[PDB]
């Protein structure tokens, strides 16, 4: 399927190549920065062609946001099935070592999940799937990346700002957690686990219906939440009380 084809392609492209700089049209190469800010942009652009290659193979048109601050990164759809849209978002995070726990910010909990058309390329109810492509990189210990430019013949002298990268494709609801991923920008948090749990889809939600109800009713501050719910057990206790 599109999903298994896309998953294999992602593993493969990641296995073959290591992005290492930005290139001018004149052939001048600039080394990469050290942040997730720089790497989330890089993994994003690295995934574009792969996604597009695979969607076209399965008959899906690919649309990116036309306006900024609209989810998702990639909207896949056959024109014969306008309500079978698939949402693909690239998310990046880091590890200090290759064996620690990671966590992702999985998108707002107050935009398109509480309002059909808010900050979303197409109305939320037109999407039947919401996949996350997750990139995990291990930071390099050095905090002093190249400060000079390179030529095309020097590509292997360019220090890369990561020592290892891993990628997974998973449904957003499966890896969602019950703790916010951000405070002022109200983001759903994923589980806090090892990379394999993400791949294996060992979430805390029992259904996507439960994932959505939880984030749709989750209060923004600690105060409001202490009178309702802070985690999955308390939400399950809140359902028992009559949603009160």
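Positions refer to the first chain, counted from 1.
Between 123 to 131 and 150 to 158, name whichever shows the higher mean Cα B factor according to the PDB entry.
Taking the mean B-factor of the alpha carbons in each, 150 to 158 is higher.
Quick one: higher average CA temperature factor, 163 to 171 or 95 to 103?
If you average the C-alpha B-factors of 95 to 103 and of 163 to 171, the larger mean comes out for 95 to 103.
Candidate set 59, 183, 49, 33 [ranked by C-alpha B-factor, highest]
Out of 59, 183, 49, 33, the record gives the largest C-alpha B-factor to 33.
Check the PDB entry and point out which of 113, 136, 88, 140 has the largest C-alpha temperature factor.
Highest CA B-factor of the listed options: 140.
B-factor third for the C-alpha atom of residue 42 within its chain:
Middle third of the chain for residue 42's C-alpha B-factor.
Considering only modelled residues of the same chain, in which third does the CA B-factor of residue 70 rank: lowest, middle or highest?
Middle third by C-alpha B-factor.
Hey, what third does residue 201 fall into on Cα B-factor, ranked over its chain?
For residue 201, whose C-alpha B-factor we compare with every modelled residue in the chain, the answer is the highest third.
Thinking about Cα B factors across the chain, which third does residue 26 belong to?
Top third by C-alpha B-factor.
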